[PDB]
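Novice: I need the structure of the sequence given here:
(3 chains)
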Amino acid sequence: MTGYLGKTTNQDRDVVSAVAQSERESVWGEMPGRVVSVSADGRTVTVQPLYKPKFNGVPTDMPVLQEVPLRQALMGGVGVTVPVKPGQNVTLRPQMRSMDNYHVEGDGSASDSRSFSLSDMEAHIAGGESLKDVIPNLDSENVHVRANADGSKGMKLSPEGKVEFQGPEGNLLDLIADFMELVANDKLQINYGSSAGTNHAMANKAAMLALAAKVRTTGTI
Amino acid sequence: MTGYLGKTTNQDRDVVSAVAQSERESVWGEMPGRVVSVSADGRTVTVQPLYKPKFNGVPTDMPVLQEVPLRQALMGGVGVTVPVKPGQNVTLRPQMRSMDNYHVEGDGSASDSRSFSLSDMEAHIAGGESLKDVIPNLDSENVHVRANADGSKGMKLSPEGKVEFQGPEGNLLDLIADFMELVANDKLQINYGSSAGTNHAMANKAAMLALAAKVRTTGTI
Amino acid sequence: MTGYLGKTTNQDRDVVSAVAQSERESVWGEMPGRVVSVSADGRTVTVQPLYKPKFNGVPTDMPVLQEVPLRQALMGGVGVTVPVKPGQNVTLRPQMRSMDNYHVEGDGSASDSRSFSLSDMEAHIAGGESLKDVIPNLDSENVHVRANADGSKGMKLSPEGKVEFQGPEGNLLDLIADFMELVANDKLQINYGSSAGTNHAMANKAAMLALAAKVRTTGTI
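Specialist: Numbers count the residues shown, from 1 in each chain, chains lettered A, B, ... in the order given. Find the structure here:
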């Protein structure tokens, strides 16, 4: 810290800790950002941060970070994805060294030779949102996979192994169970003294059809 | 490093690299922590880190980190969740600058002007556990989703696309197949010379009821 | 930066910011890396990271990082996994301090007293691949989980809650719905004037068997 004791007989120690603290400022790190656009190929995002540096004691902003490498949790493509849309919140993380042409050519080495640049940011899905703005319905006991902001449509999975595919129609396991329970309760319908091979149908045909069409209406994305 | 050559004719180089080196000390980074408590909203965790500093040559503690923003891998709520419980291990990461009132007010800026404070740690789910303590049953070939510590209940999914919902009762696809196969082997039971519409029941009704109750007992969380 | 004004009357400011600059180089940060081998216990990976720092004006290579703690997105074992194989891309992160025997012993402090060592890298799924190399089929509207590099065999899950287990055989909800629709369209087959309890069978028995065997062939991993 600057000037422990006074004006202009500034200790040599002060003016050295001053350069160390200045260079410690200069390093980038984590910070939140709002997505502006998502590239059609789905790996680079036009990220508007949420941090401004300190300039003229006042808010200025650095430019919108462009062609920021979006980073889903995938190993060789095999992994999980989240549909990124404009207005979402990501976390910007700088690189030790730029990786310009490790991305432009794959053969991995950047342009000149530095450290920790602002043009070195990657966007990650965990670490961005604010505590003020609340995400509703945070399941606390069971693994939850969310397909909507409210987490009211997706997959729920229990320590015992219980499952829930809570889609639009309802609990898919339950609806299939309803179908098969009507089978295990079903009673064929007889029409006449007709012993030749004609016109027998299950008494509960309509509900079976209804559930059968429901499973496709909740199944064909 | 301090004192490359000796006592008190310490080179101006030594007493400058020592300052840069202490300021390099002072920065925080990634380190494991144990969850102490989890807020009801499910976003802030009381974390006791597992990194301790060095002080008076001796183990001392900096306090249990409080209202550490828990950060699941969600984007707009749409993502994956893990049920955080008191005793699990997270990885704590500091931020370049603090977000006091970026979390207290959403409008994004903290109090005075620092870098890299210990009060800037976010907790992430990956990066905390120790290699001594072994996580059993690490599926190596198929993408595995777990709902238990032993990884014996959940969703297993193969490169070919094979699926397994290994719940309490067993492979749900197998149990649904054990239902469909009994229908495809089914043989209706005829009662009397009764050609009016009465008392026809599927011969394998009891087992279809059994599988039907199984699918709800493994489906209604 | 070095020498703002010239040869050998180098300002005291220059030869101090140069020390700060060098010590700012020395710190490690992220970098992409290639998996070489994966330990049988499934938590440590032999990694050949794709970065060389600058040596003798030229590529030299810092050696294959060993017993690098692999870090899946789990807490207590409960979480998601990706099958790590030799040749995939991870991102590395060093810590503020090494954790030698917080992994050798789980009691939590490494050997001497440092900061920020090369020997302290955790490997993480997200952040490693190059933008040149394209990961195909990035589902951009629905939560997608993959079991193959092409993202063509896995599970898709929509904001409305629609589901798709696109396995080798096809949409599992579609195939189960095909089964239920043929039951709800089925019409028992009569054999003779046989009113005693014999030989009645489903009219569409063969297709019901086909679907029933399909679900096991897509279900038993």
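Novice: Centre-most residue in chain A?
Specialist: residue A:82 (4.1 Å; Cα atoms, centre = their mean).
Novice: any idea how far that residue is from chain B?
Specialist: Per Cβ to the nearest Cβ, to the nearest Å, residue A:82 is found 4 Å from chain B. The way it works is simple: take the backbone N, C-alpha and C, and place the C-beta from them, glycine included.
Novice: so what's that residue closest to, chain neighbours aside?
Specialist: In this structure, residue A:82 finds its nearest non-sequential neighbour in residue B:75, 4.4 Å apart by Cβ to Cβ, 6 or more residues apart in numbering or on different chains.
Novice: Bridged to the one you found, which residues?
Specialist: residue B:78 (DSSP bridges).
Novice: Name the single longest helix found in chain A.
Specialist: When chain A is parsed with DSSP state H, its longest helix is helix A:12-26.
Novice: Tell me where the longest strand sits in chain A.
Specialist: strand A:31-38 (DSSP state E).
Novice: What strands line up against that strand, and which way round?
Specialist: strand A:44-49 (antiparallel), strand A:89-93 (antiparallel).
Novice: can I assume the residue nearest to the centre of chain A is in contact with residue B:74?
Specialist: Yes - Residue A:82 is in contact with residue B:74 according to Cβ atoms under 8 Å; the separation is 7.4 Å.
Novice: Can you check which residues contact both of these two?
Specialist: residue A:125 (Cβ atoms under 8 Å, 6 or more residues apart in numbering or on different chains).
Novice: Helices of chain A, residue ranges please.
Specialist: For chain A, the helices defined by DSSP H cover A:12-26, A:100-104, A:172-184, A:205-217.
Novice: what's the most buried one of those helices?
Specialist: The highest mean neighbour count among those, using mean count of other Cβ atoms under 10 Å in any protein chain shown, belongs to helix A:172-184: a mean of 22.
Novice: For it, report the contacting residues that lie outside it.
Specialist: Against helix A:172-184 from outside (Cβ under 8 Å, 6+ apart): A:163-165, A:169, A:202, A:204, A:207-208, A:211-212, A:214-215, A:218, B:172, B:176, B:179, B:183, B:202, B:205, B:208-209, B:211-212, B:215-216, B:218-220, C:163, C:173, C:176, C:180, C:183.
Novice: what's the closest non-adjacent residue to the residue of chain A most remote from its centre?
Specialist: Distance from the C-alpha centroid of chain A peaks at residue A:193, with 63.5 Å (Cα atoms, centre = their mean). If the residues on either side of it in the chain are set aside, residue A:193 comes closest to residue B:195, at 4.1 Å by Cβ to Cβ, 6+ apart.
Novice: how many other residues sit next to the one you found?
Specialist: 14 (other Cβ atoms under 10 Å in any protein chain shown).
Novice: Tell me who's in contact with it.
Specialist: A:190-195, C:195.
Novice: circling back: surely the residue nearest to residue A:82 and residue A:87 touch.
Specialist: No - using Cβ under 8 Å, residue B:75 is not in contact with residue A:87, being 10.4 Å away.
Novice: Among those two, which residue is more densely surrounded?
Specialist: Neighbour count, other Cβ under 10 Å: between residue B:75 and residue A:87, residue B:75 has more, with 26 against 10.
Novice: The more buried one: what's it in contact with?
Specialist: With Cβ under 8 Å, 6+ apart, residue B:75 has these contacts: A:82-84, A:88-90, A:125.
Novice: Make JSON lines out of these and add distance to residue C:137.
Specialist: Formatted as JSON lines, the contacts of residue B:75 follow (distance: Cβ to Cβ, whole Å):
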{"residue": "A:82", "distance to residue C:137": "15"}
{"residue": "A:83", "distance to residue C:137": "13"}
{"residue": "A:84", "distance to residue C:137": "15"}
{"residue": "A:88", "distance to residue C:137": "21"}
{"residue": "A:89", "distance to residue C:137": "25"}
{"residue": "A:90", "distance to residue C:137": "21"}
{"residue": "A:125", "distance to residue C:137": "19"}
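Novice: Which single one of those residues is nearest to residue C:54?
Specialist: For the contacts of residue B:75, the residue nearest residue C:54 by Cβ to Cβ is residue A:90; the value is 30.7 Å.
Novice: ok, the closest one - how many residues close by?
Specialist: For residue A:90, the count of nearby residues is 28 (other Cβ under 10 Å).
Novice: which ones are touching residue A:90?
Specialist: Residue A:90 neighbours (Cβ under 8 Å, 6+ apart): A:32-35, A:45, A:47, A:70, A:84, A:123-125, A:128, B:75.
Novice: ugh, wrong one, I meant residue A:89
Specialist: Counting by Cβ under 8 Å, 6+ apart, residue A:89 has contacts A:32-35, A:50, A:128-130, B:75-76.
Novice: one more time with 6 Å, if that's ok
Specialist: A:32, A:34, A:128-129 (Cβ atoms under 6 Å, 6 or more residues apart in numbering or on different chains).
Novice: quick revisit: give me the buried stretch members for the longest strand of chain A, please.
Specialist: A:31-33, A:35, A:38 (16 or more other Cβ atoms under 10 Å in any protein chain shown).
Novice: go on, stretch A:93-102?
Specialist: For stretch A:93-102, the neighbour count (16+ other Cβ under 10 Å) marks A:93-100, A:102 as buried.
Novice: Please give the centre-to-centre distance between it and its chain.
Specialist: On the basis of Cα atoms, centre = their mean, to the nearest Å, stretch A:93-102 sits 22 Å off its chain's mean C-alpha point.
Novice: Just the CA atoms of that stretch, as CSV, please.
Specialist: Taking Å, rounded to 0.1, in the frame of the first residue of the first chain, the C-alpha atoms of stretch A:93-102 are listed here in CSV:
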residue,chain,number,x,y,z
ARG,A,93,-11.6,-17.0,-17.2
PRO,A,94,-8.3,-15.7,-18.6
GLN,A,95,-5.5,-17.9,-20.0
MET,A,96,-1.9,-17.9,-18.9
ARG,A,97,-1.0,-17.1,-22.5
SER,A,98,-3.1,-16.3,-25.5
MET,A,99,-4.2,-19.2,-27.6
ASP,A,100,-5.0,-17.2,-30.8
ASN,A,101,-3.6,-19.5,-33.3
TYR,A,102,-3.9,-22.7,-31.2
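Novice: Right, and chain C sits closest to which residue of chain A?
Specialist: Of chain A, the residue with the smallest distance to chain C, taken as Cβ to the nearest Cβ, is residue A:219 at 2.6 Å.
Novice: Report how many residues lie close to that residue.
Specialist: Using other Cβ under 10 Å, residue A:219 is surrounded by 22 other residues.
Novice: Look up how far residue A:187 lies from it.
Specialist: 28 Å (Cβ to Cβ, to the nearest Å).
Novice: ok, now residue A:30?
Specialist: The gap separating residue A:30 from residue A:187 is 65 Å, by Cβ to Cβ.
Novice: the more surrounded of these two?
Specialist: residue A:30 (22 against 16).
Novice: Please name the residues that touch that one.
Specialist: A:93, B:95-96.
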